[PDB]
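Working notes, structure below.
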Amino acid sequence: XXXXXXXXXXXXXXXXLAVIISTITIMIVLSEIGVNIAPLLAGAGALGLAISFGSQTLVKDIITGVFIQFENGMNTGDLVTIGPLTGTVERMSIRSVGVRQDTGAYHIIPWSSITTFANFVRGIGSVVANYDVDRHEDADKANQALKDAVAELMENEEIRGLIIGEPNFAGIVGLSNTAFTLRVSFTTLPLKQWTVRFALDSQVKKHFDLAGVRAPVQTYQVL
Amino acid sequence: XXXXXXXXXXXXXXXXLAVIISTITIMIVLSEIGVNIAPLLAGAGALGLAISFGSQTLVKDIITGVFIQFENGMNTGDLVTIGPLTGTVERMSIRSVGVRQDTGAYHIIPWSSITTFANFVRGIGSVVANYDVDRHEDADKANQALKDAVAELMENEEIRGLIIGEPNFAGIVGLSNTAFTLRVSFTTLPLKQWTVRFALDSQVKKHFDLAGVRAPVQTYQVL
Amino acid sequence: XXXXXXXXXXXXXXXXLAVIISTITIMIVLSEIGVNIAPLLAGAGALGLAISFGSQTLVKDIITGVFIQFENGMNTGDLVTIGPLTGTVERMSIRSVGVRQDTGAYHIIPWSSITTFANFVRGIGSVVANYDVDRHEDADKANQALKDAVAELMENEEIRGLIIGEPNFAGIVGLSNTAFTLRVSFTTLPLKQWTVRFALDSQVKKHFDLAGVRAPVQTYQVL
Amino acid sequence: XXXXXXXXXXXXXXXXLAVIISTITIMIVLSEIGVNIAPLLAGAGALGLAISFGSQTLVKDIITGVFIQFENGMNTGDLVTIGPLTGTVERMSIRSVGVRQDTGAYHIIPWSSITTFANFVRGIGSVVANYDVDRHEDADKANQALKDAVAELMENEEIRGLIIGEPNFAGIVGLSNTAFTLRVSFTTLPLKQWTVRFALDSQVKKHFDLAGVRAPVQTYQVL
Amino acid sequence: XXXXXXXXXXXXXXXXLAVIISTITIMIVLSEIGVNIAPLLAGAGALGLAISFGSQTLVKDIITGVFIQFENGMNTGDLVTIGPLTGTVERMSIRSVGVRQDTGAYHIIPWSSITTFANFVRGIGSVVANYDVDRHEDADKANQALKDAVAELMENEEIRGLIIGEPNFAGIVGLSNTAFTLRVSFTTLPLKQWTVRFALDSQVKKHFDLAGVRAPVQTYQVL
Amino acid sequence: XXXXXXXXXXXXXXXXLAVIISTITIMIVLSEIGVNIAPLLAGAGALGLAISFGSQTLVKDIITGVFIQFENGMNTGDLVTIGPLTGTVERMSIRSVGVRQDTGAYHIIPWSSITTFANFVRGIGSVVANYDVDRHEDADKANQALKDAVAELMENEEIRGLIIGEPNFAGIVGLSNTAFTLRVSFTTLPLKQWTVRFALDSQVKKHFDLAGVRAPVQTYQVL
Amino acid sequence: XXXXXXXXXXXXXXXXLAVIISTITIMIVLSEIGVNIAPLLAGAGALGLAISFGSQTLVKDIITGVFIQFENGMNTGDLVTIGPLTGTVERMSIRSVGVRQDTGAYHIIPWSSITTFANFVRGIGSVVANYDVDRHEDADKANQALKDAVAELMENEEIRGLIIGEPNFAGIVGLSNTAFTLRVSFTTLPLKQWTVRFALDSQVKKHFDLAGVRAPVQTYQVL
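Residue numbers (the entry's author numbering), protein chains in the order written: chain A, -15 to 0, 517 to 723; chain B, -15 to 0, 517 to 723; chain C, -15 to 0, 517 to 723; chain D, -15 to 0, 517 to 723; chain E, -15 to 0, 517 to 723; chain G, -15 to 0, 517 to 723; chain F, -15 to 0, 517 to 723.
If you want it as structure tokens, here you go:
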């Protein structure tokens, strides 16, 4: 039986990364060779549980990545927002995503840290502008000024191509101790919101000055 | 017994995703073929525990999603609020929900991150408006002005269709060092709160100017 | 023994949600049919541990719910406060609770997220009002004014029915660089605190104006 | 052996909450009746691990409660502070504690959420009052004024019974750009701190006015 | 064998807190008495794992306590700082520590919540005082004033006994838009820092007034 | 069999860090020598599980490090940003990374604490400058001033070598109650952003003074 | 066999901290003495798992400590920064580190709470000083003043020995609504940054006064 067991073990070892495989092979051999390694199994299992609780991140991350990819949630060149960060995606790997912030940095984010993320290149983009006007100014006057500003904006051929449909004037949307707030909304081609917002702000300043609408002004009273 | 064991193993393997299934088959074979793989079982179990702690998120998320669906908590097109985000739901998948923020973004939120979420399309919508008035102004005067404003609002046929029942005047609801606060409440058709609030603010500004109620004013004293 | 084992397995399978039950049955059969599925057990156990770490939330939540119910902590129609949210409870399910915020929203909160929650419909409700008065004003004068205000309040038959017992004047309760603070306390029927607070604030403004008590006023000094 | 095994199983089942006990009995029977339920054991163990990770809270909470009780840390009627909450304890159960906030609410806190909690009814209560005085005022003048205020306080027979020992004047305790801060300390009967603090603040205002000590005053300089 | 097994079980049970011990005894008996309780073992193990995840806190806390005690980190009567709390230690138990805040409260903190804690009664105590002086004042003038203040302080026999060695004048330590900051440092007997700081602040006010050093003053400019 | 077992155990022990290996050897010996150490296995397994939950950090950290290295995410001498810290990398070990803050400190960060980190030496660096201008100033005037400033900047031969391509003027990008904001963008050689930003700010101040553009100015109104 | 088993158990027990060892010995004896303690094993294993989840901290902490020691990250007498704390290291034990804050306290921090820590005694120390100057002042004038200040500083023989190399003037580094900021950088012997910074601030005040550079001044406009 001795020679037979020896031959059996030989055949098995012949049938049998590399260092751990070698340790496991040594374990199976010592097991089959007249030794019952329960506590050696215990030590190797402690080591394996350690590496497990360690090497969990890679797999969690790659599966989160492939899931995000299934939903078509992020492509190369999009403008995404991940937590407190907003930038352009420059490259995606099987572990992490590369986001190029506007301040020049190059953030690397591993998928596990990505729970909820916003994308700016899906369909439409909107603009919600709010402007303040001194509480004492005439409401209709300022509102007509804002309407004239938007109308002049929509005449700019270069910008008109960026707005989908018609503007949406909401009128007054709130009062403060000093000012009331006008609001105008849009619906633009994706990723072009900010250009529209900037042109609108320029036109709004110009026309508020023309129509003589005053900016909000803090008020005091003495004695 | 050798040929018999061989035939048994053959039949079993014949009776026997793909790569892991193949590894498990190799394991059962080496087990039945004169080898006791306890530590090989240990390594494969470490790998499996890793993938487990990894692939937990998908199932947790899908069950959270189906639960949220059971309570009729979220449909396509509703206006929901999830954590620090408020927007419209554009599409729901078996892993995540698509929320369209007003700023044009397209957030993707996986159900696991959704613990508590608010919905604005269930039943009724309310309005609680607060306005400030200088501490020195006559209380009854300002309150009557606000009542006249609300009364003129309720005469606007377009808005009246949005208010359920009658307004609820609360009177003064608090004093500051400079101003006391009036409050009026409503109960409106769902999702129409903001239109009512805006019309009310416009009317309130107009009538506060007519009745000559002053806005709050900071007060100083020199020497 | 072959036919006998076959008959045994048949009887067992005859004696034997649905898909997992079928997989378990296949497992017991392959086990009894000349195969020792230790690693198949390992894979199925990984899957089961995954679903376990997943389907834990439902049971945790239902037991937390039934516990909260045992303590009579929340009923339909009460006005509760859960974390940063305050509203009315509209309906309770075996997984979550429906809270109707005052802003019209309809929050859904699962019991697991509920650790500590306040309820406003248990027994009594109290009012602790603080008012500011310019540092230079006479203490006794302002205090007597506040006492007269409370006295006139207690004469309002409609409100008197809401106050339990007698008011509790505390006198000055703190000094600032500009103002000292008066305080008056109450004990009211449940859920009626705010009506009392509002009536009290109205009366306090009126009587502070009558008695000529000044509001706090920031003070400066030049050069 | 068949009839013998049947009789054995019968006797065992005869020797044998209710639904789980029934499932366990079915398990032991199928085990003893010619079936080896390893994977059925696996499914039942997954379910049990789920309920375990679920029903952990009740026991954790009751043991935390009995521990808090061992240290005599909280009784009915005491004034405790738990996290961001301060109120009176109205009733204690085997799972949670009932705290009555001053604003009328009735918080329910489960012991698990209680890590560190303060109690105001153990032994003594102290008072540390700080008052501000304009930087230009004479130090000795203001300090003597405060001493006279405390002296008049200690003459009030109703309050004297609440102060243990003698006051402790610390003198100036800090400078700002505008004011220096005086401080006086006490040691009072438990739960009576606030009454003493309020009486002291009243006397301090009165005597600061008598002695003509000015409150702090912001200072500017033009051009 | 029946009578023999019965006698064996009897002897064992004879050889055999109380309720759990009884359940375990019942388990060993049913085990030895012709029943293989694997799933009963599973249920009892679920219960035991629950109590384990529950009764972990007591032992964790007592070992953390004995460790803190080994380092001589906290004694009865010391003035410690634990998280956001600062007070005197009144008594220590095998689970928690009793800290007496200055505001009269009596906090109970269990050792587990104590990660990092400061102690004020180990060796020496230091004082780092910063004072502000208007940007336009002469540097040497104010510095000499502060030196004279410290010199007069060191002449107070009662205080001199509390300062170890010599003061350490650092000169200017920073500029603001309005003021530059002088700094003086000390090294005092333990627990006596605040008395020294207060005496120093008194002397500093007196000597800044004598030498005519102005406090910082906000500056404006009109039109 | 006694002598045979003895010889077997001897051979095994002959075939058989050091202290734990010795304990495991003692375990296997006592196991093979007529003793079944199940509870000794339990104690050793508790100890091993402890060390496992302890020695997990080293391996997790080294694998996170080698992963970060695979993505070429951090080299010696780069300027990285890790959480709230921004500095230069001075040396990398198999456990942690050494970051040299600008304030002279030498932070040591272990890879586990590194989830998302930014790098400033990958490709390009950008500049987004915003400047404020009083609301009343002429828009075209200030914009032309800023254009002249940038033009003079691009004439500086030393700086021109640092800017890639052409500046990008966005015009007005927002209104406040007091000021509107101009914006100019760049794209520079990596790590040279700040030099460009500083030169640009100098030129902008000079040219805003030349063209007489006023800085924003708070506005008041009395009575 | 009875006497033989008795002798075997005797020999084993003869071959066989103290209380747990005794319980384990009792377990092995009852095991070998005709009893199969599976559920007793279960209870002892629950207790052991409890102590494990408890006594994990000591080992985690000691290994974190020895790791920090391997990287030469902290010695006796260094000036380190750990989280929100900055002080001198007074002594290190096998569990915790003793940090002496400047305010006299003596913090004890266990290594587990130390994730990222800064050290100020490794190599070099730097200084980055920023000063504000009124927006209307001449840029070249203020910059030349700052250069003269630094030049006079470098003439102080006592300080010159602390600066490595040459100062680095950056010019303007930013504009505000009221002030532009000058910046000068250094590179000093370790731990000597603050002395240099203080001397520099003194010289800067003196020379800004000489050259007549004004501090920033808030600006207003009335009506």
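A virtual CB, placed ideally from N, CA and C, is assigned to each residue, including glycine.
Annotated three-state conformation of E:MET592 is strand, per DSSP.
Shown here, E:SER552 sits in a helix according to DSSP, grouped into three states.
Within 10 angstroms of the beta-carbon of C:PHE686 lie 16 or more other beta-carbons, which makes it buried. Shown here, B:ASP632 sits in a strand according to DSSP, grouped into three states.
Residue contact with chain E for F:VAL535: present (Cβ-Cβ distance below 8 Å to some residue of chain E). Rounded to the nearest whole angstrom, the C-alpha separation of A:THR523 and G:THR523 is 19 Å. C:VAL722 is bridged by DSSP to D:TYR720.
Taking 8 Å as the CB threshold, A:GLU532 lines the interface with chain B. Residues of chain D with a Cβ closer than 8 Å to the Cβ of E:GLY604 are, in chain order, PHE620, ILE624, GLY625, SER626, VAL627, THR688, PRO690, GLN693.
Put simply, of D:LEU682, D:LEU547, D:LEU675, D:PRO539 the residue whose alpha carbon is nearest the alpha carbon of D:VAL704 is D:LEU682. Residues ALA645, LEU646, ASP648, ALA649, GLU652 of the same chain have their beta carbon placed closer than 8 Å to that of E:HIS707, with the five preceding and five following residues left out of the count.
By the rule that beta-carbons nearer than 8 Å mark a contact, G:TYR720 touches chain A. Using a Cβ-Cβ cut-off of 8 Å, B:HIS707 does not count as an interface residue toward chain A, since no Cβ of chain A sits closer than that to its own. Among the residues of chain F, those whose CB is under 8 Å from the CB of E:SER555 are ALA550, following chain order. At a cut-off of 8 Å between beta carbons, G:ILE608 contacts chain F. For E:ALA618, the three-state secondary structure derived from DSSP is strand. At a C-beta separation below 7 Å, D:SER593 has these neighbours in chain C: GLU571. Around B:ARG714, no beta-carbon contact reaches into chain C at under 8 Å, the shortest distance being about 14 Å. Residue state for E:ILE608 is assigned as strand, using DSSP reduced to three classes. Only residues of its own chain outside the window of five on either side were considered, and among them none has a CB closer than 8 Å to the CB of B:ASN536.
Under the Cβ criterion (8 Å, minimum of three pairs), the segment 568 to 588 of chain E counts as touching the segment 591 to 609 of chain F. When C:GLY565, C:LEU662, C:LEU691, C:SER626 are compared, the shortest CA-CA separation from C:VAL684 is found for C:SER626. Membership of G:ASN643 in the alpha helix (DSSP H) is indicated by the continuous run 639 to 655.
Three or more beta-carbon pairs drawn from the segment 689 to 703 of chain B and the segment 620 to 635 of chain B are found closer than 8 Å, and the two stretches are therefore classed as touching. For D:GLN601, the pairing in a beta bridge is given by DSSP as D:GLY587.
The alpha-carbon of G:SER555 is positioned some 21 Å away from that of E:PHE553. Look at E:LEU540 here: in three-state DSSP terms it is helix. Around the beta carbon of D:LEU540, a 10 Å sphere encloses 16 or more other beta carbons of the protein chains shown; the residue is thus reported as buried. In the structure shown, C:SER613 falls within a helical segment according to DSSP collapsed to helix, strand and coil. One Cα belongs to F:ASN643, the other to D:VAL722, and the distance between them is close to 27 Å. Excluding residues up to 5 positions away in sequence, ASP632, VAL633, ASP634, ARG635, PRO716 lie with their Cβ nearer than 7 Å to the Cβ of A:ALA679 in the same chain. Taking all protein chains shown into account, E:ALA629 has 16 or more neighbouring C-beta atoms within 10 Å of its C-beta and is therefore buried. Residue nearest to B:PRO690 within the set B:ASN656, B:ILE663, B:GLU590, B:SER702 is B:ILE663 (criterion: CA-CA distance). Listed as beta-bridge partners of G:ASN668 by DSSP are G:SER685.
F:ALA711 is bridged by DSSP to nothing; it lacks a bridge partner.
A straight line joining the alpha-carbon of F:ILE563 with that of E:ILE551 spans about 29 Å.
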